[PDB]
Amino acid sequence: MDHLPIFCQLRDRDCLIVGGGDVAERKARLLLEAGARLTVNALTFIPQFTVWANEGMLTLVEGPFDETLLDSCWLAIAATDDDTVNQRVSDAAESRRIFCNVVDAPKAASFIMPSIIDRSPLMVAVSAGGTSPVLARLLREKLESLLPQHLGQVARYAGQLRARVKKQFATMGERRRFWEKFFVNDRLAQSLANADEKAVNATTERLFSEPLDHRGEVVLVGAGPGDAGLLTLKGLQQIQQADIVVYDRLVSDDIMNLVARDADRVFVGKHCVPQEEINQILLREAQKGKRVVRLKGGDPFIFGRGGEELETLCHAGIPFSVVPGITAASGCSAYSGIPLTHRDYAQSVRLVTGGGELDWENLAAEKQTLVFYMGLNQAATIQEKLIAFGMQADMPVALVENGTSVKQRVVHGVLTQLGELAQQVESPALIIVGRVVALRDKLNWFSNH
């Protein structure tokens, strides 16, 4: 082992940074977050240091390095651009047995600053001893995506339930299984973060009361339009914790590859399935005590029938939550170079589905961006009706097929060509009508296929 990681308590302890530029500022922000009683000594200071000083958050000492500034110090950081100054700092700290980091020279000093993932009280630190700072960064990024934002509040609450857990679960078998359900419960972590103190006491009692086996709940998760990079952090966290994942055709294979190895999968796409059967599967699986994730393409509440699936659960007393996703309109817009709004082009964006019938005079009005979902089959009618109701024949149009995916295809033109531009694509595809479509020739950045 090259270095020993320790987690220092710095609250109100004297620490010293030498240097007053951007590098020193980053280290100072870190030590302030840890509560250090901070002095910064430098020949000159960038303005953020005087802001902090005037706010009484640290002390500044302007001038050359004064090794007596270390006399009461617990940690030192040499953060200047001057190798000679940094070695003077490093030597003075060493003679005083003060752990010291030289920012530009990790093996020149007595401690290295790792990458940090802060979920205080829970903390994770990554370092390769200076051999691989980019790898430490790549691991830090992975860990930030995996650890829920409010995990620390759960951790603090856990330590307060320590003794109570021991007495109702004598066997360490059952006991750890409880903690496994506890650090995973969404209503608890939410009630804590939102300071909803009666839900915390409620969910606490429900966690103890219901059988240890049971963790029945349904999370509706928006998978986004296809690119697995467009899943939300929380959506990834939820699919990693699921006992069973219920999904359909519009959830991309790339998203499904992120689903936990041990999760049961239930495919409800597809000859066709009624929504009521899907509703009952969610009900049936949650009633067995499973943590259920219902993965839906795009956003669950935009033409996804997410509401219908949750009203079945509200009847049965099954807890649920919703993780929004990137709807097809947002994803296709970003990846085709067609902003849904721009300057004065559109006062409104309309997301419309292709029962009555569409209000064609309403759809034809000026200063809109129209986005048709499930409209390929009525495309020929859309062209004829918009033309008949006064939309200018030179209005730009675009179709985006498999938006955000590696096989995305975008075709475009004006409105008088829409009907047979639509033959050149298949589902899933969006139709975008409006002046913003012309911006594609300037803003297109994604590969076209």
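Residues carry their position along the shown sequence, with the first being 1.
The modelled chain breaks between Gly354 and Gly355, where 4 to 9 residues of the deposited sequence lack coordinates.
Unmodelled stretch separating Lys270 from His271: 4 to 9 residues (count of deposited-sequence residues without coordinates). For the pair 96 to 104 and 166 to 174, the mean Cα B-factor is higher in 166 to 174. Here 191 to 199 and 79 to 87 are compared by their mean Cα B-factor, and 191 to 199 comes out higher. Within the selection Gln408, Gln48, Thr44, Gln424, the deposited Cα B-factor values reach their highest point at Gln424. In the PDB entry, the Cα temperature factor peaks, among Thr416, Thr68, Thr39, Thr404, at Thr416. When the modelled residues of the chain are ordered by their C-alpha B factor, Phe301 lands in the lowest third. Sorting the modelled residues of the chain by their CA temperature factor places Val397 in the middle third. Ranked by C-alpha B-factor against the other modelled residues of its chain, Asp243 falls in the middle third. Remark: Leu443 belongs to the middle third of its chain, ranked by C-alpha B-factor as recorded. In this PDB entry, the Cα temperature factor of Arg29 sits in the middle third of its chain's modelled residues.
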